[PDB]
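# An overview of the molecular structure
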Amino acid sequence: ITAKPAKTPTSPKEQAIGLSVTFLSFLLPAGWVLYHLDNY
Amino acid sequence: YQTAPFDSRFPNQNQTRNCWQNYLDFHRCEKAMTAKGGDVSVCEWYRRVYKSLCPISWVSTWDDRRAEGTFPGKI
Amino acid sequence: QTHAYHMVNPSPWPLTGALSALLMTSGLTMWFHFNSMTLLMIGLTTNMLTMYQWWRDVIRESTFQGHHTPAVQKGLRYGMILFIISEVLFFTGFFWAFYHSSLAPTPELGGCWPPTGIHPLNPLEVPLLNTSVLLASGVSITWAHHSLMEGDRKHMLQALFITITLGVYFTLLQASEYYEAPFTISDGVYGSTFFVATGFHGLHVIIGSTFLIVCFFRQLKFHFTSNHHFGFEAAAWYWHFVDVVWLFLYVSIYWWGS
Amino acid sequence: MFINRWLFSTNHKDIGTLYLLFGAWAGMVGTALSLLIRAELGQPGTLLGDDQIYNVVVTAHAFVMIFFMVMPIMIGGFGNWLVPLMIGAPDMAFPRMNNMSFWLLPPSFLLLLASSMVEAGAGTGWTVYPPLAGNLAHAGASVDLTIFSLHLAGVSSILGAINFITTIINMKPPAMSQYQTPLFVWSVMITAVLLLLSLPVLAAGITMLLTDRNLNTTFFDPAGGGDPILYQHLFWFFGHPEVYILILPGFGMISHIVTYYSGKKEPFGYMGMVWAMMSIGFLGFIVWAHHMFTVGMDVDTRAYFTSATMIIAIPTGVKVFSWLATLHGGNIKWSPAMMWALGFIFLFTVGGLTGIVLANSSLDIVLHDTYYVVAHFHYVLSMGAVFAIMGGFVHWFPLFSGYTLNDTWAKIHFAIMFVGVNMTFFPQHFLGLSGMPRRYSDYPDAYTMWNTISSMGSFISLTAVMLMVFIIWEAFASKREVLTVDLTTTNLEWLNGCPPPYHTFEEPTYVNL
Amino acid sequence: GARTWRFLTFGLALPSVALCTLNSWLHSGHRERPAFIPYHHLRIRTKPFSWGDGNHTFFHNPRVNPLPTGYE
Amino acid sequence: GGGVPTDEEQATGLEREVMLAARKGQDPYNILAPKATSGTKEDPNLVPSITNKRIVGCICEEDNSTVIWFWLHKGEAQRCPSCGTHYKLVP
Amino acid sequence: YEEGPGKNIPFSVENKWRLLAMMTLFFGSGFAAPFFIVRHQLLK
Amino acid sequence: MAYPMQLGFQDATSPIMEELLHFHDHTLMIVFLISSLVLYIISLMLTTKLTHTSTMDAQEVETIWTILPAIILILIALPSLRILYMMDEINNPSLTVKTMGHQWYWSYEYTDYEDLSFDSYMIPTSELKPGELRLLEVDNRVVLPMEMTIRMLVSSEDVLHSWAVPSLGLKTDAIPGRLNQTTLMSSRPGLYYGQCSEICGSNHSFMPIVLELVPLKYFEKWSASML
Amino acid sequence: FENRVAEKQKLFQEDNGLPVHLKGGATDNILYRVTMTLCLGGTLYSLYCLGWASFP
Ligand code: HEA
Ligand code: HEA
Ligand SMILES: CCCCC/C=C/C/C=C/C/C=C/C/C=C\CCCC(=O)O[C@H](COC(=O)CCCCCCCCCCCCCCCCC)COP(=O)(O)OCCN
Ligand SMILES: CCCCCC/C=C/CCCCCCCCCC(=O)O[C@H](COC(=O)CCCCCCCCCCCCCCC)COP(=O)(O)OC[C@@H](O)CO
Ligand SMILES: CCCCCC/C=C\CCCCCCCCCC(=O)O[C@H](COC(=O)CCCCCCCCCCCCCCC)COP(=O)(O)OC[C@@H](O)CO
Ligand SMILES: CCCCCCCCCCO[C@@H]1O[C@H](CO)[C@@H](O[C@H]2O[C@H](CO)[C@@H](O)[C@H](O)[C@H]2O)[C@H](O)[C@H]1O
Ligand SMILES: CCCCCCCCCCO[C@@H]1O[C@H](CO)[C@@H](O[C@H]2O[C@H](CO)[C@@H](O)[C@H](O)[C@H]2O)[C@H](O)[C@H]1O
Ligand SMILES: CCCCCCCCCCO[C@@H]1O[C@H](CO)[C@@H](O[C@H]2O[C@H](CO)[C@@H](O)[C@H](O)[C@H]2O)[C@H](O)[C@H]1O
Ligand SMILES: C[C@H](CCC(=O)O)[C@H]1CC[C@H]2[C@@H]3[C@H](O)C[C@@H]4C[C@H](O)CC[C@]4(C)[C@H]3C[C@H](O)[C@]12C
Ligand code: CUA
Ligand code: NA
Ligand SMILES: [Zn+2]
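## Quick look at the domain arrangement of chain H
Residues and elements named next belong to chain H. Each domain of chain H was delimited in the assignment, giving domain 1 (2-91) and domain 2 (92-227). Computed from C-alpha atoms alone, the centre-to-centre distance between domain 1 and domain 2 is 35 Å. Each partner contributes to the interface: domain 1 provides 8 residues, whereas domain 2 provides 13 residues. Between domain 1 and domain 2, the buried area comes to about 930 Å², and carbon and sulfur atoms account for 48% of it. Of all residues in domain 1, the largest losses of buried area upon contact with domain 2 belong to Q10, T13 and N91, amounting jointly to 61% of the total for that side. If you look at where domain 1 meets domain 2, you find 0 salt bridges. The interface formed by domain 1 and domain 2 contains 4 residue pairs in polar contact. Tallied by class, residues from the side of domain 1 that touches domain 2 come to 3 nonpolar, 4 polar and 1 charged.

And the structure:
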């Protein structure tokens, strides 16, 4: 496949933010529940 | 008599009908022998086979139902 | 477009139908467990609203707007055949339950079919009448079809009216049967198979009768041409399906299972 | 305009997009449920302290993965997007009914998530066997909400089957015979036929269960002359065709992907591939009782079901060898999609072969209701379906979106996922042979090591899921718009550009005889 | 043709319905109800029905449908 | 006994257009498979279009399962990239 | 209707950071839901 | 019972489990070989710069791809079906024992001569005696004579269960209203463990089976003591 | 009855931009609003019912 250059290039730093935010959105809510299983 | 022998009428894993048939056979014979005041020892084979094969709770349920008049088999 | 297919206007009825399904099922749950008919009656209402407006729009698209080219009609033909096949397989599951139960009757039944304490209906009384009624309705619907193809408005309406009248007669005879039956849905697997299988069949007779009544009113309003009348054909196929399911019920449950 | 477009759709592409979104969301739910299963099993003892909740989690895991993730993505998503485009058709036969197949799924899913929230849930297994699923052992609304969830899903797929069969029979170019349609289109038609025939039987069976729970019927209750084993027959008469439903569209996508990335104009042995899919669809109706080898059926019945089941290996092998013969002589492009497809061929083969082991009723006595079965279907269904989906997703993402993925990220994603699923499921073979039952919240101490490793594998596959979301974000964030793709002469879905206009084939293709 | 199918409707089909209607209306008399026996495979109650007092079937007929405890 | 309308009296919209075009032997809505010419440069297959390009599917030989797809543009005849059959667009 | 890349979807890709918020809420809500249903059942 | 890091089947306790082991070794060899050949052929297809992209004729190779697998399936099915018919073959049991599944424990009935019956419950972890096995011990074991053909009859008084003993090759579903039959023959004395094998609700994991195989003389003393 | 299909063809083919489900006139709009209100209201009520049934 060929493609135009990215209209809005995503820099290594922008990728580290998106990745970190993505991982946290999965991990924090599940982590909170699993950490508190004792209290439940 | 050790246990109920193989019965070519009931050769498969589902033995429900083997238990049922011997239970009916025993009680049909016991009625036939009691109804002339005859002798229930003639019915002994059927008694040994059903007691060997039939769950206690099935025998007990069927006995209760015969006494209640709700047994659905023909005796 | 330089194809013959129908690009349908954006429509709310798929969403209202889907929500009507949610209300009817959540409503059945609320009726069986939480002693309330509210959600169920809203879902039945929205379901009828959805089916009325959706099939109205199909009439608008076809009779009034001309969108049913031969290619579109051919698609609808396939769609109705496939729908009827899914309905055949639904009934097959109830026939399978019936034959499973009746061919190997368990000790709880007396090891016999019909079970001990079950007094079947005489299949030569109202069940035989119901059989003559649905068979007769298969003849009259065929007369209606031919009248329509031959351009005969009056004889189409008379034949279709006779077909509907027979459908209603069957439904009233079955309602009466149900009430006089000395056995119930709670009389073990005999009552279960009898009422669930004949019950779903009775629902299909009412559905089929309703379809025929839609065709009757569309014919009264001159919607059908002598050559273009797929709603009539579909309702006729559906009606024949209902007859054939009855014949299988009659032979299996009423006659062989008595 | 937003409501008209996305709530009132009559557009095959928009409805496919809704199905893909729905399925991706469902896959997050199903994955969360899988991680809870493996967390309870990850060390000996109890984690949740409530084995009813564990049983509810296992049950919901299966329903979400099969009814809300795989079938929506494969049939609703790829099916709606690609079928019309691959036959030059302007839309589906019933574009408005198509929208209702979609909108039935959120209510279906709501009913399942209501099952789990009321009383103590449906801790039944996805088989929902009575009497455990009955109104004494599962009193209250949970099992009824699960039955209704399955009714709505059933109607969605039955109407969707009518739509696909009609579209594929009636809406090809007049010159195009059925033997000139792409394998993916064949795979969807055959899947639609299996759905049309199997779902009504399931609907009959779960309706009987509904009536035994609420109307005092006794279809499955011995006290009334009923038989729990009848339910099993009705359920599995659907349930074996269902496992072929779950993989057939995957077979079709795999044929396209292997052909594309081998640089071929065509798959090897086209008419053999149609034959194989039709054969698998037909045999898939006469084998269901291999799910019942321990219920006490007759030896000759067991002999028949062993023999019939093994036959399916023949047509299946024709496909596997045909994929290998498509690679043969190819200019191989090592795209991420090709990697998914090569992973599919291998992992599908492994799971298919453990299927043939289980087909032998004698051995099945010992493997039935053990982790050997779980290993078998996580290879052939879980990895087969998922690998085929991810292959199709990375291959067609640029058609659907207009944007390219980062190929290096997608390869990283593939690598993580291959490691995770093998570490998760391979040790389950050992657990099964050594006698660990399935549907257990805890295990005898001997089984600790392989359960530990399996649970650690489940976290690797979680890291892969999280990365996949990042990769999709990066593609939408960067906006690299597609210019050209190669092999458009044999891949018609690409020929209207990326993404194709809302309306395609307003002027149909020209095909002469 | 329509003529033939009308001939079958009036000449065969409706006459059959007329004769089965006569056959039925001659056997329409009420049969004597059988003695009540509280068989455990009949009058099943695993959950109360969602209407009336929970113990009556939907098209309950007092004359011919006994309750678990017998005829009303 | 009449009173049922005919297609000729009552068909409308696209159904009617398809009906009238078929009476004249015309196929504007692409219901029929067009019959190939010999496909030479002197006798190219004539591909109608309402616009300046149209997708052609070429079944190069009878019973080929593989269809070859390409855009045919207005102007000089183009050739199937598999069999070299000529196609010419006629707006 | 609008056509073309980023226009054939029910979500906006106009701003990659708003997009990241929406994608996070979307997949995160799905992944969280079973943890909160388990919590719900335990708290009964 | 299983032991830690176990890869395969529990050691055979019965002649039919022995047959299944030999049959599994045969089938696994074929699984390995086909698995390996597919991986190998993938690697062979992917490791050459040589190309052939024109239409290939499929007819001849599809003969090989159908005949060879058909032969392989026959070579699996022959021994599979021989063992199926052996495990069905008329035998003369000298003893019949019933088991009834319950939520969540097994009961046993020995009603050939006496009305002997008892319940068999998992020993909780907190009550295990030192060296006893978590989730596997019961208070009352199924005492049985070794080197003798025994008829087991399996049913349930509530939901579905499944009576399993992997080292004897045994798994029979426990279905209420149904009496399922299997044959048990232990070549050896000892303790043979199994676990409920049909999901039966919250305590499915916790209703095990323990057979205690002893010489006939000891089986008779145990029966006699039970009076 | 008389054949009034031509007059319904004219109404449903009028160039007024309405979708077919509203092209019959104001009564279409009322029936649509009743349907959608019952569906949306009934769905909100089903969610309430769920919240209620989710606790003892
Ligand atoms: C994608 C889904 C899918 C597919 C395609 C299959 C495919 C097969 N499955 Fe499986 N199966 C499941 C999903 C699937 N299965 C699920 C979900 C369950 C469990 C349900 C539950 O209990 O929850 C299950 C359970 C199940 C059982 C019941 C086991 C038990 O519960 O005790 C059996 C029994 O025979 C079976 C066998 C097969 C066979 C023989 C195939 C065949 O179709 C495979 C054929 C393929 C090959 C053989 C490999 C390729 C072939 C070659 C390379 C040619 C040469 C090969 C030979 C000569 C052998 N599977
Ligand atoms: C398609 C079906 C499917 C899928 C994908 C899976 C996926 C997983 N399953 Fe499985 N599972 C079943 C079907 C499936 N499962 C069924 C039917 C049962 C039996 C239930 C019963 O006994 O009643 C079961 C049971 C089962 C058990 C046995 C429970 C027990 O017996 O007690 C275990 C144990 O580890 C398990 C684990 C997993 C894990 C760790 C994953 C995954 O984490 C593996 C990795 C896969 C993913 C992470 C999926 C990713 C895909 C997406 C996120 C979609 C993306 C979408 C787009 C790109 C458009 N599952
Ligand atoms: C006159 C001819 C035909 C009439 C049709 C029926 C009238 C009332 C109800 C309509 C719906 C019927 C469909 C079939 C469902 C089950 C039972 C219906 C059969 C019936 O009506 O049976 C009655 C019982 O109804 C009962 O319990 C109560 C029934 C009411 C509750 C039904 C709820 C169940 C709904 C199930 C929905 C499933 C939908 C399937 C969708 C599948 C999609 C894939 C029989 O009366 P009885 O007093 O026991 O015996 C007579 C004694 N003199
Ligand atoms: C008191 C009542 C309680 C019970 C209510 C339950 C439902 C009852 C509904 C009965 C069904 C009514 C269906 C009416 C359809 C009208 C639309 C129609 O018939 O549309 C026709 C197309 O057919 C088409 O879509 C064909 C469409 C076919 C619809 C198929 C209907 C069967 C529906 C089954 C419903 C579900 C049952 C499942 C139960 C488990 C339009 O084309 P023509 O006729 O060629 O006209 C054009 C010519 O005029 C041109 O010259
Ligand atoms: C416990 C309770 C659970 C049940 C919940 C019920 C589920 C959903 C609510 C149903 C709401 C139905 C509303 C009406 C649907 C009408 C569909 C229809 O009639 O669809 C037609 C196509 O299907 C065809 O023909 C042939 C097919 C016609 C099918 C009609 C719909 C029946 C739905 C129920 C059937 C389930 C199957 C039973 C078998 C198991 C038309 O297709 P469109 O794309 O619309 O238009 C195309 C244009 O060219 C027309 O001019
Ligand atoms: C199945 C997938 C699961 C994978 C696990 C994910 C990895 C963990 C992610 C982090 O999750 C968090 O972990 C914190 C601890 O590290 C918790 O803080 C908790 O503990 C803190 C310190 O121990 C306290 O300060 C906080 O108040 C308290 O909520 C917090 O709740 C939780 O969100
Ligand atoms: C603009 C839209 C307007 C929405 C209005 C919705 C229509 C119905 C609302 C009233 O709700 C009802 O209230 C009754 C009690 O007050 C319930 O009695 C029910 O419960 C009884 C118990 O006495 C049973 O006999 C029956 O199931 C039944 O009558 C009945 O089920 C339920 O539906
Ligand atoms: C326009 C969109 C539609 C909007 C939906 C309208 C919502 C209607 C709310 C009314 O709520 C009702 O309240 C009844 C009275 O409180 C309940 O009675 C039922 O519950 C009672 C509890 O006291 C019992 O007496 C009986 O079961 C029964 O009367 C009944 O379940 C419930 O529906
Ligand atoms: C007089 C009227 C004319 C209809 C018309 O041509 O517009 C006729 C034509 C066919 C008639 C129908 C058919 O004869 C069948 C029915 C006969 C019943 O005796 C009256 C109702 C019945 C349903 C009739 C109503 C009405 O008299 C109809 C509708
Ligand atoms: Cu008893 Cu599982
Ligand atoms: Na645990
Ligand atoms: Zn060509």
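## A closer look at the packing of helix α14 (residues 371-401) of chain D against helix α15 (residues 407-425) of chain D
Residue and element names in this part refer to chain D. α15 packs onto α14 with a crossing angle of 170° between their chain directions and a minimal axis gap of 11 Å. Between α14 and α15, the angle is such that the two are roughly antiparallel. Here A375, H378, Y379, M383, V386, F387 and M390 of α14 lie close against α15, whose contacting residues are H413, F414, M417, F418, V421, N422 and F425. In terms of residue class, the contact of α14 with α15 is made up of 11 nonpolar, 3 polar and no charged.

## Observations regarding the sheet that holds strand β4 (residues 142-145) of chain H
Residue and element names in this part refer to chain H. Spatially, the 3 strands line up as an open sheet ordered β4-β10-β9, and their pairing is mixed. The sheet is open, and its two edges are formed by β4 and β9 (190-195), each paired on a single side. Neighbouring strand axes in the sheet, compared pairwise and without regard to direction, differ in orientation by 25° on average. Both β9 and strand β10 (residues 208-214) contribute to a ladder of 6 bridges, which runs antiparallel. Its bridge partner lying in β10, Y192 is registered against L211. Strands in contact with helix α3 (residues 216-224) are β4 and β10; relative to β4, the strand with the most contacts, it is inclined by about 135°.

## What about the site of ligand 6?
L27, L28, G31, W32, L34, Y35 and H36 of chain A, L462 of chain D together with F35 of chain G make up every residue found near ligand 6. At the site occupied by ligand 6, the surrounding residues belong to chains A, D and G. Between ligand 6 and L28 of chain A, the relevant distance is 3.0 Å, taken from an oxygen atom to a main-chain nitrogen or oxygen of the residue. Within the side chain of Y35 of chain A, an N or O atom sits 3.2 Å from an oxygen atom of ligand 6. Summarising the interface, the protein chains cover 51% of the accessible area of ligand 6, which totals 730 Å² for the free molecule. Tallying contributions element by element places helix α1 (residues 12-35) of chain A first for the shell around ligand 6, with 6 residues. Split by residue class, the shell around ligand 6 holds 7 nonpolar, 2 polar and no charged.

## Re the packing of aromatic side chains
Scanning the model with the defined rule gives 109 aromatic pairs over all chains in all. For the ring pair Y502 of chain D and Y1 of chain G, a centre distance of 5.1 Å and an interplane angle of 85° mean the geometry is edge-to-face. Taken together, the residues span two chains, with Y502 of chain D in the loop between α17 (448-478) and β1 (510-511) and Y1 of chain G in the segment before α1 (16-43). The buried category is assigned to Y502 of chain D, whose relative accessible area is 13%.

## As for a nonpolar patch on the surface
On the surface, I64, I67, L68, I71 and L75 of chain H cluster together into a nonpolar patch covering about 450 Å² of accessible area. Relative to the elements of secondary structure, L68 of chain H occurs in helix α2 (residues 59-86).

## Overview of the UniProt feature "binding site: Mg(2+)" in chain D
The UniProt feature table records "binding site: Mg(2+)" at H368 and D369 of chain D. As for its placement among the helices and strands, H368 of chain D is situated in the loop between α13 (361-367) and α14. For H368 of chain D, a relative accessible area of 12% translates into the label buried. Sequence-distant contacts of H368 of chain D, defined by excluding residues within four places in its chain, comprise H291, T294 and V373 of chain D together with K171 and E198 of chain H. Side chain to side chain, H368 of chain D and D369 of chain D meet in a polar contact 3.0 Å long. Position of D369 of chain D relative to the elements: it lies in the loop between α13 and α14.

## Focus on the pattern of salt bridges
Should the charged atoms of two oppositely charged side chains come close, the side chains can pair. For the structure on display, the rule yields 27 salt bridges over all chains. Measuring nitrogen to oxygen at the nearest pair gives 2.8 Å for the salt bridge that ties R213 of chain D to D144 of chain D. Here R213 of chain D is found in helix α7 (residues 183-214), whereas its partner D144 of chain D is found in helix α6 (residues 142-170), with 69 residues between them in sequence. On the basis of relative accessibility, which here comes to 1%, the residue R213 of chain D falls in the buried class. On the accessibility criterion, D144 of chain D (0% relative accessible area) is buried. If you follow the salt bridges from partner to partner, you end up with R56, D57 and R60 of chain C together with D28 of chain I in one network.

## A few points about the pairing of strand β5 (residues 150-156) of chain H
Residue and element names in this part refer to chain H. Counting buried positions along β5 yields 7 of 7 residues, so the element is predominantly enclosed. Pairing between β5 and strand β8 (residues 180-184): 5 bridges, direction antiparallel. Across the sheet, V154 pairs through a bridge with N180, a residue of β8.

## With respect to the coordination of the sodium ion (ligand 11)
All names here are of chain D. Protein ligation of the sodium ion (ligand 11) involves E40 (O), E40 (OE), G45 (O) and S441 (O), the donor distances falling in the range 2.3 Å. For the sodium ion (ligand 11), the single-chain donor residues occur in sequence as E-x4-G-x395-S. On the criterion of sequence distance, the pair formed by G45 in the loop between α2 (12-41) and α3 (51-86) and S441 in the loop between α16 (428-433) and α17 is long-range, its members being 396 residues apart. Each member of the pair, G45 as well as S441, carries the same accessibility label: buried.

## A word on the interface of chain H and chain D
You'll often see interface size given as the accessible area lost when the parts meet. Facing 76 residues of chain H, the contacting portion of chain D comprises 85 residues. Both sides together, the interface formed by chain H and chain D hides about 6,900 Å², and carbon and sulfur atoms give 68% of it. Where chain H meets chain D, there are 2 salt bridges. Broken down by secondary-structure element, the contributors of at least two residues to the side of chain H that touches chain D are α1 (15-45), α2 and β7 (170-174) of chain H.

## Quick notes on the coordination of the zinc ion (ligand 12)
Residues and elements named next belong to chain F. Around the zinc ion (ligand 12), the protein supplies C58 (SG), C60 (SG), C80 (SG) and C83 (SG) as donor atoms, at distances of 2.3 to 2.4 Å. Taken together, the 4 donor atoms coordinating the zinc ion (ligand 12) span angles of 106 to 117° at the metal, a pattern that classifies the geometry as tetrahedral. Given the relative accessible area of 4%, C80 is considered buried. When its relative accessible area of 34% is taken as the criterion, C83 is described as partly exposed.

Criteria and cut-off values
Residues numbered from 1 in each chain as written, not as in the entry; some residues may be left out. Chains lettered and ligands numbered in written order. Part of a larger assembly, values for the part shown. Heavy atoms only, no water. Domains from an automatic or database assignment. Contact = heavy atoms within 4.5 Å. Buried area = accessible area lost by both parts, 1.4 Å probe. Salt bridge = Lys/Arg side-chain N within 4 Å of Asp/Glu carboxyl O. Polar contact = N/O pair within 3.5 Å; in protein donor to acceptor, adjacent residues only side chain to side chain. Nonpolar A, V, L, I, M, F, W, Y, C, P; charged D, E, K, R; others polar. Axes fitted to C-alpha atoms, helices over the stretch in contact; angles between N-to-C directions. Helix = DSSP H or I, 4+ residues; strand = E, 2+ residues; numbered from the N terminus. Parallel < 35°, antiparallel > 145°, perpendicular 65-115°, else oblique. Pairing = 2+ DSSP bridges. Near = heavy atom within 4 Å. Areas by Shrake-Rupley, 256 points an atom, 1.4 Å probe, with all protein chains shown as cover. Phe/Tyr/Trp six-rings, centres within 6.5 Å; stacked < 30°, edge-to-face > 60°. Buried < 20%, exposed > 50% of the residue type's maximum accessible area, 1.4 Å probe, protein only. Patch = residues over 30% accessible without salt bridge, like charges linked within 9 Å, V, L, I, M, F, W, Y side chains within 5 Å. UniProt positions renumbered as here; feature names shortened; annotations may be inferred. Donors = N, O, S within 2.8 Å, 3.2 Å for Na, K, Ca; no water. Tetrahedral: all angles 85-135°; square planar, octahedral: opposite > 155°, others 65-115°.

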